[PDB]
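The next block is work_24.txt, given as compact mmCIF, C-alpha atoms.
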# COMPACT_ATOMS: atom_id res chain seq x y z
CA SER A 1 -10.36 -17.87 -21.09
CA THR A 2 -8.40 -14.75 -20.25
CA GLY A 3 -8.88 -11.00 -20.38
CA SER A 4 -6.49 -8.06 -20.54
CA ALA A 5 -7.43 -4.37 -20.23
CA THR A 6 -5.45 -1.17 -19.94
CA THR A 7 -6.11 0.98 -16.88
CA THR A 8 -5.42 4.72 -17.04
CA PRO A 9 -4.99 7.34 -14.33
CA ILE A 10 -7.88 9.83 -14.21
CA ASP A 11 -5.64 12.82 -13.52
CA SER A 12 -2.05 13.97 -13.08
CA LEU A 13 -1.92 12.77 -9.46
CA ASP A 14 -3.01 9.15 -10.07
CA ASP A 15 -6.01 9.79 -7.79
CA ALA A 16 -7.70 6.75 -9.33
CA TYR A 17 -7.55 4.53 -12.43
CA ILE A 18 -10.27 3.83 -15.01
CA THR A 19 -10.61 0.73 -17.15
CA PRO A 20 -12.99 0.41 -20.11
CA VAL A 21 -15.78 -2.13 -19.63
CA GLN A 22 -18.31 -3.30 -22.23
CA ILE A 23 -21.86 -3.68 -20.87
CA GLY A 24 -24.90 -4.91 -22.81
CA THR A 25 -25.80 -5.67 -26.40
CA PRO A 26 -24.77 -3.77 -28.45
CA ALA A 27 -21.86 -2.87 -26.21
CA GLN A 28 -22.05 0.23 -24.08
CA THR A 29 -18.52 1.13 -22.99
CA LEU A 30 -18.16 2.69 -19.55
CA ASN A 31 -14.92 3.61 -17.81
CA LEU A 32 -14.98 1.95 -14.40
CA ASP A 33 -12.85 2.21 -11.28
CA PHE A 34 -11.64 -1.33 -10.52
CA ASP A 35 -11.77 -1.63 -6.76
CA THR A 36 -10.26 -4.60 -4.89
CA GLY A 37 -11.69 -3.10 -1.68
CA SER A 38 -15.39 -3.49 -2.57
CA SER A 39 -17.63 -5.99 -4.28
CA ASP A 40 -20.32 -4.11 -6.21
CA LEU A 41 -20.28 -3.43 -9.96
CA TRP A 42 -22.35 -0.25 -10.19
CA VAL A 43 -22.77 2.33 -12.93
CA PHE A 44 -24.12 5.73 -13.73
CA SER A 45 -27.24 5.04 -15.74
CA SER A 46 -30.39 6.32 -17.37
CA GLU A 47 -31.96 5.94 -13.91
CA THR A 48 -29.49 8.20 -12.09
CA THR A 49 -31.02 11.42 -10.74
CA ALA A 50 -30.33 13.93 -13.52
CA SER A 51 -28.92 16.61 -11.20
CA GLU A 52 -26.33 14.07 -9.94
CA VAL A 53 -24.89 13.37 -13.41
CA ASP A 54 -22.20 15.75 -14.71
CA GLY A 55 -20.28 14.38 -17.68
CA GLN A 56 -20.32 10.66 -16.96
CA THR A 57 -21.19 8.08 -19.60
CA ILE A 58 -24.36 6.28 -18.56
CA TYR A 59 -25.59 2.75 -18.97
CA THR A 60 -29.05 2.59 -20.54
CA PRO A 61 -30.51 -0.87 -19.96
CA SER A 62 -33.51 -0.23 -22.22
CA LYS A 63 -31.08 -0.09 -25.15
CA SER A 64 -29.53 -3.48 -24.33
CA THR A 65 -31.19 -6.56 -25.79
CA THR A 66 -29.56 -8.70 -23.10
CA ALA A 67 -30.48 -6.56 -20.05
CA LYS A 68 -33.02 -7.99 -17.59
CA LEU A 69 -34.34 -6.34 -14.45
CA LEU A 70 -33.35 -8.34 -11.38
CA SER A 71 -36.78 -7.94 -9.91
CA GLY A 72 -36.93 -6.70 -6.33
CA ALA A 73 -33.18 -6.31 -5.92
CA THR A 74 -31.75 -3.08 -4.50
CA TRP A 75 -28.28 -1.98 -3.42
CA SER A 76 -26.74 0.70 -1.25
CA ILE A 77 -23.07 1.19 -0.49
CA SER A 78 -20.92 3.55 1.57
CA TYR A 79 -17.17 3.77 1.10
CA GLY A 80 -14.39 4.59 3.55
CA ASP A 81 -14.07 8.12 2.20
CA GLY A 82 -17.70 8.89 3.05
CA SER A 83 -19.03 8.62 -0.47
CA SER A 84 -22.05 6.51 -1.37
CA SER A 85 -24.47 5.35 -4.05
CA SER A 86 -27.61 3.23 -4.36
CA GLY A 87 -30.18 1.93 -6.81
CA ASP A 88 -31.62 -1.17 -8.42
CA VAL A 89 -30.16 -4.06 -10.41
CA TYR A 90 -30.05 -5.51 -13.91
CA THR A 91 -28.30 -8.60 -15.16
CA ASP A 92 -26.45 -8.18 -18.45
CA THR A 93 -23.41 -9.27 -20.42
CA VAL A 94 -20.20 -7.65 -19.20
CA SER A 95 -16.82 -7.91 -20.94
CA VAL A 96 -13.42 -6.78 -19.69
CA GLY A 97 -10.48 -6.88 -22.07
CA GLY A 98 -12.03 -9.67 -24.14
CA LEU A 99 -13.30 -11.69 -21.17
CA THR A 100 -17.08 -12.03 -21.14
CA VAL A 101 -19.47 -12.83 -18.30
CA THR A 102 -23.14 -13.40 -19.02
CA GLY A 103 -25.70 -12.75 -16.30
CA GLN A 104 -23.50 -10.30 -14.41
CA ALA A 105 -25.26 -8.17 -11.83
CA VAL A 106 -25.00 -4.58 -13.07
CA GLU A 107 -26.07 -2.25 -10.27
CA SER A 108 -27.80 0.81 -11.70
CA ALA A 109 -27.41 3.98 -9.62
CA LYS A 110 -30.51 6.00 -8.83
CA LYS A 111 -28.49 8.18 -6.43
CA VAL A 112 -24.79 9.00 -6.07
CA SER A 113 -23.05 11.31 -3.58
CA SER A 114 -21.38 14.56 -4.57
CA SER A 115 -17.91 13.07 -4.83
CA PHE A 116 -19.06 10.80 -7.64
CA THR A 117 -20.99 13.53 -9.46
CA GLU A 118 -17.94 15.78 -9.30
CA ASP A 119 -15.75 13.17 -10.93
CA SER A 120 -16.75 13.17 -14.59
CA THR A 121 -14.09 10.63 -15.50
CA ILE A 122 -15.47 7.73 -13.42
CA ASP A 123 -18.63 6.08 -14.82
CA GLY A 124 -18.90 3.58 -11.98
CA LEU A 125 -17.04 0.97 -9.94
CA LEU A 126 -16.19 -2.66 -10.58
CA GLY A 127 -15.62 -4.43 -7.28
CA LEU A 128 -12.97 -7.13 -6.99
CA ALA A 129 -13.06 -7.92 -3.26
CA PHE A 130 -14.87 -11.04 -2.06
CA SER A 131 -18.54 -11.44 -2.96
CA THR A 132 -19.48 -11.66 0.72
CA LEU A 133 -19.26 -7.81 0.78
CA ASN A 134 -21.69 -7.36 -2.09
CA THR A 135 -24.58 -5.13 -0.99
CA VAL A 136 -27.40 -6.38 -3.22
CA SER A 137 -30.50 -7.29 -1.24
CA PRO A 138 -32.35 -9.60 -0.72
CA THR A 139 -30.18 -11.85 -2.92
CA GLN A 140 -26.47 -11.11 -2.67
CA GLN A 141 -24.68 -11.06 -6.01
CA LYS A 142 -21.27 -12.22 -7.22
CA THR A 143 -18.42 -10.06 -8.46
CA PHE A 144 -17.25 -10.08 -12.06
CA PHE A 145 -14.17 -12.08 -11.01
CA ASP A 146 -16.24 -14.58 -9.06
CA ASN A 147 -18.53 -15.16 -12.07
CA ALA A 148 -15.57 -15.44 -14.48
CA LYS A 149 -13.49 -17.70 -12.23
CA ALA A 150 -14.53 -21.12 -13.47
CA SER A 151 -13.91 -20.08 -17.08
CA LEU A 152 -10.47 -18.63 -16.45
CA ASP A 153 -7.29 -20.48 -17.39
CA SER A 154 -6.13 -19.81 -13.83
CA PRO A 155 -8.28 -18.36 -11.02
CA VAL A 156 -6.33 -15.12 -10.72
CA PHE A 157 -6.30 -11.51 -11.72
CA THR A 158 -3.35 -9.15 -11.62
CA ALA A 159 -2.99 -5.42 -11.03
CA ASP A 160 -0.14 -3.59 -12.71
CA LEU A 161 -0.79 0.09 -11.99
CA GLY A 162 1.38 2.79 -13.51
CA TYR A 163 3.03 5.79 -11.95
CA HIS A 164 1.72 8.71 -13.98
CA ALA A 165 1.21 6.18 -16.76
CA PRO A 166 -1.25 3.55 -17.97
CA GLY A 167 -1.08 0.00 -16.64
CA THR A 168 -2.88 -3.30 -16.94
CA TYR A 169 -5.48 -5.53 -15.31
CA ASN A 170 -5.20 -9.13 -16.46
CA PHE A 171 -7.66 -11.93 -15.75
CA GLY A 172 -6.83 -15.60 -15.85
CA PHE A 173 -3.08 -15.50 -16.38
CA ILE A 174 0.17 -14.15 -15.03
CA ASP A 175 2.21 -12.14 -17.55
CA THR A 176 5.75 -13.22 -16.74
CA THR A 177 7.12 -10.32 -18.86
CA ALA A 178 5.41 -7.73 -16.67
CA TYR A 179 7.68 -8.02 -13.61
CA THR A 180 11.27 -8.52 -12.56
CA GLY A 181 12.65 -11.22 -10.27
CA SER A 182 10.19 -13.57 -8.61
CA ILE A 183 6.69 -13.18 -7.19
CA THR A 184 6.46 -13.56 -3.42
CA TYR A 185 3.13 -14.94 -2.24
CA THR A 186 1.64 -14.26 1.17
CA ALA A 187 -1.43 -15.53 3.04
CA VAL A 188 -4.83 -13.89 2.75
CA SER A 189 -7.63 -13.68 5.29
CA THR A 190 -11.10 -13.37 3.78
CA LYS A 191 -12.75 -13.00 7.19
CA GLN A 192 -13.61 -9.31 6.56
CA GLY A 193 -14.28 -9.78 2.83
CA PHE A 194 -11.05 -8.06 1.78
CA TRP A 195 -7.74 -9.07 0.28
CA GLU A 196 -6.30 -8.86 3.78
CA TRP A 197 -2.68 -9.81 4.42
CA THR A 198 0.20 -9.15 6.82
CA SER A 199 3.24 -7.17 5.75
CA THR A 200 6.45 -8.17 7.51
CA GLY A 201 7.74 -4.66 8.12
CA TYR A 202 9.08 -1.47 6.67
CA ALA A 203 12.02 0.83 6.06
CA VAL A 204 12.24 4.59 5.50
CA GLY A 205 14.67 5.67 2.80
CA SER A 206 18.05 4.00 3.24
CA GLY A 207 17.22 3.18 6.86
CA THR A 208 17.31 -0.24 8.44
CA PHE A 209 14.36 -2.55 7.99
CA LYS A 210 12.01 -2.81 10.96
CA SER A 211 10.53 -6.28 11.31
CA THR A 212 6.96 -5.87 12.48
CA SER A 213 3.61 -7.34 11.45
CA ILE A 214 1.27 -4.93 9.70
CA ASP A 215 -2.18 -6.31 8.89
CA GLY A 216 -3.74 -4.48 5.96
CA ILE A 217 -5.77 -4.73 2.76
CA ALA A 218 -4.69 -4.55 -0.85
CA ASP A 219 -7.08 -1.91 -2.18
CA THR A 220 -6.85 -0.56 -5.74
CA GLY A 221 -9.79 1.72 -4.96
CA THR A 222 -7.91 3.74 -2.36
CA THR A 223 -5.42 6.34 -3.57
CA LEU A 224 -2.98 6.52 -0.68
CA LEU A 225 -1.04 4.27 1.71
CA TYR A 226 -2.61 4.25 5.20
CA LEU A 227 -0.47 2.76 7.95
CA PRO A 228 -0.23 2.82 11.76
CA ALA A 229 0.56 6.20 13.31
CA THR A 230 3.94 4.97 14.57
CA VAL A 231 5.07 3.96 11.05
CA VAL A 232 3.80 7.15 9.44
CA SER A 233 5.45 9.35 12.09
CA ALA A 234 8.75 7.55 11.49
CA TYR A 235 8.46 8.27 7.76
CA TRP A 236 7.56 11.96 7.95
CA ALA A 237 10.17 12.64 10.65
CA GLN A 238 12.71 12.18 7.83
CA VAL A 239 11.28 15.09 5.82
CA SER A 240 12.30 18.56 7.01
CA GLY A 241 9.25 20.65 7.78
CA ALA A 242 6.71 17.84 7.47
CA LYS A 243 3.82 17.92 9.89
CA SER A 244 0.36 16.57 10.50
CA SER A 245 -2.22 19.26 9.84
CA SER A 246 -5.71 18.81 11.30
CA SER A 247 -6.92 21.67 9.09
CA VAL A 248 -5.78 19.93 5.92
CA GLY A 249 -6.57 16.41 7.12
CA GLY A 250 -3.20 14.70 7.29
CA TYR A 251 0.53 14.99 6.78
CA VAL A 252 1.79 17.84 4.63
CA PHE A 253 5.33 18.71 3.67
CA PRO A 254 7.20 21.56 2.00
CA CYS A 255 6.84 21.29 -1.77
CA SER A 256 10.59 22.03 -1.93
CA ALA A 257 11.37 18.68 -0.24
CA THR A 258 12.91 15.57 -1.73
CA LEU A 259 10.96 12.66 -0.31
CA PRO A 260 12.61 9.43 0.88
CA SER A 261 11.48 6.08 -0.44
CA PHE A 262 9.37 3.72 1.66
CA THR A 263 9.94 -0.03 1.71
CA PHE A 264 7.37 -2.60 2.82
CA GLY A 265 7.94 -6.29 3.44
CA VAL A 266 6.23 -9.20 1.76
CA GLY A 267 7.56 -12.26 3.50
CA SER A 268 11.32 -12.03 3.04
CA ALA A 269 10.89 -9.86 -0.06
CA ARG A 270 10.85 -6.05 -0.19
CA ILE A 271 8.82 -3.62 -2.31
CA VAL A 272 10.28 -0.13 -2.64
CA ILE A 273 7.97 2.85 -3.15
CA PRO A 274 10.04 5.65 -4.68
CA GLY A 275 9.81 9.00 -2.92
CA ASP A 276 8.19 10.64 -5.93
CA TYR A 277 5.20 8.28 -5.61
CA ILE A 278 4.50 9.79 -2.17
CA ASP A 279 4.12 13.39 -3.51
CA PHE A 280 0.47 14.35 -4.11
CA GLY A 281 1.25 17.96 -4.80
CA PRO A 282 0.03 21.28 -3.51
CA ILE A 283 -2.85 21.13 -1.02
CA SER A 284 -4.50 23.89 -3.06
CA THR A 285 -3.58 25.44 -6.38
CA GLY A 286 -0.37 27.45 -6.02
CA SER A 287 0.35 26.40 -2.45
CA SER A 288 3.87 25.58 -1.31
CA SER A 289 2.45 23.02 1.12
CA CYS A 290 2.22 19.57 -0.46
CA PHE A 291 0.07 16.61 0.53
CA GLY A 292 1.70 13.34 1.59
CA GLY A 293 0.93 9.98 0.04
CA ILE A 294 1.50 8.07 3.30
CA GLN A 295 -1.06 8.84 5.97
CA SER A 296 -2.19 7.45 9.33
CA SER A 297 -4.79 4.71 9.41
CA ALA A 298 -5.69 5.66 12.99
CA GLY A 299 -9.47 6.05 13.07
CA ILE A 300 -9.98 4.11 9.82
CA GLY A 301 -9.84 0.87 11.74
CA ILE A 302 -7.74 -0.87 9.12
CA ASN A 303 -4.44 -0.37 7.32
CA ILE A 304 -4.79 0.15 3.56
CA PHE A 305 -2.20 -0.68 0.93
CA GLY A 306 -3.73 1.63 -1.66
CA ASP A 307 -2.47 2.72 -5.08
CA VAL A 308 0.66 4.44 -3.69
CA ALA A 309 1.91 1.02 -2.56
CA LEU A 310 0.36 -1.22 -5.21
CA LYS A 311 1.64 0.76 -8.20
CA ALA A 312 5.20 0.05 -7.03
CA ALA A 313 4.54 -3.66 -7.63
CA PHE A 314 3.11 -6.30 -9.94
CA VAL A 315 0.31 -7.72 -7.76
CA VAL A 316 -1.33 -11.12 -8.09
CA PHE A 317 -4.77 -11.59 -6.62
CA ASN A 318 -5.00 -15.38 -6.38
CA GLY A 319 -8.61 -16.54 -6.04
CA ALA A 320 -7.88 -20.23 -5.72
CA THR A 321 -9.71 -22.18 -3.02
CA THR A 322 -7.12 -20.89 -0.58
CA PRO A 323 -6.64 -17.30 -1.72
CA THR A 324 -3.26 -15.59 -1.62
CA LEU A 325 -1.58 -12.36 -2.71
CA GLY A 326 1.63 -12.16 -4.73
CA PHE A 327 3.98 -9.19 -5.05
CA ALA A 328 6.85 -8.69 -7.46
CA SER A 329 9.02 -5.72 -8.30
CA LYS A 330 8.76 -4.35 -11.84
Here is a file; write its structure as structure tokens.
Amino acid sequence: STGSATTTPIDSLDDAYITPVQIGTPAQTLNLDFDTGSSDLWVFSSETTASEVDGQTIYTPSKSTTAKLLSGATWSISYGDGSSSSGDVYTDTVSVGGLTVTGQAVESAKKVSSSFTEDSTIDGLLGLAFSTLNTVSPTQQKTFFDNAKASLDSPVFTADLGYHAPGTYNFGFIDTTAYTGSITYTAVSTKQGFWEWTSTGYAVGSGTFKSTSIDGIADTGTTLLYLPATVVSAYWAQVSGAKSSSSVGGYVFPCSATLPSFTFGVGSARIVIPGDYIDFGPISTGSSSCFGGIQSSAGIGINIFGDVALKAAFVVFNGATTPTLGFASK
């Protein structure tokens, strides 16, 4: 089997991407944030504290003939940005782009933090990291990809995120029309539960390539590119007037600037992030100070190749027995 679903930015900044997901019988369609940096499929639901719902579409398990309470199971998750959610668990039929999993753990939120409430466009998350990070207790549950794997033509999914445009998540096949040149594959460590890999270096604009190992995770659920302070300083030093602002929470730059591109290495291959991808616009409405799309990972504890980097590439998440990551230009 295969599946193919369109993923759409939630706003004009590409802050996140939503993908329609069919849950239950008859189908309830929720728009979920596909997140290769976590491993829980959780949704706004009929059980979510009413004051914490503001515009989201909810999953109502009582209206699904195939929903079953997973008795005794609870979940609770906290994300790198400080947000969180928790609740109980149902199993139900879940379909993505024509690909169906029966018995999928659907984590029903009783509580969500303000950040989720305030985002009316995201109805939940669908985790695509390794199932070892799944937070369901006392019986850990498998991701959608993990459950689908054996049925897939090939044990892969791909992320093709757009710049200010829709893109595609595919399951079970590689669309050879979706990228240019060849795909370069690189080793993955699953030791922390992430799609963790080592970039071979970087360049800033038309500058020379610096060969240096940068361990990081491929994370569709993170907006920006978070890299070591040395790398990020080297980038923003090429933008007149750019500075790190503790009041704003990172690097800002004059909105009048033209940003340089940023290149990262995948083996001997190179992925170029155009300068425009690194512009996240005014820090506040009407401001002439703009927020940078490359920020320091110092104090995160890990480097994150988030959407800013991934949307510059066609990315293969290979879930074979020995997992790997593939990157192609597009």
Produce a table with one row for each residue of region 142-189 of chain A that has an atom at most 9 Å from any atom of region 294-313 of chain A, each row naming the nearest atom pair and its distance in Å at one decimal; use all atoms listed in the file; arrange rows by chain and rising residue number; format as a tab-separated table.
residue	atom	partner	partner_atom	distance
A:159	CA	A:310	CA	7.9
A:160	CA	A:311	CA	6.5
A:161	CA	A:311	CA	4.6
A:162	CA	A:311	CA	5.7
A:163	CA	A:311	CA	6.4
A:167	CA	A:311	CA	8.9
A:179	CA	A:313	CA	8.0
Selected residue of minimal separation from residue 4 (chain A) among A:96, A:30, A:316, A:77, counting all atoms listed in the file: A:96
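Atom pair CA of residue 143 (chain A) / CA of residue 197 (chain A) has a distance of 20.3 Å (rounded to one decimal).
Near residue 147 (chain A), within 9 Å and counting all atoms listed in the file, sit residues 101, 102, 103, 104, 142, 143 and 151 of chain A, not including residues fewer than 4 positions from it in the same chain.
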Please determine, counting only C-alpha atoms, which residue among A:108, A:223, A:208, A:233 has the shortest atom-to-atom distance to residue 278 (chain A). A:223
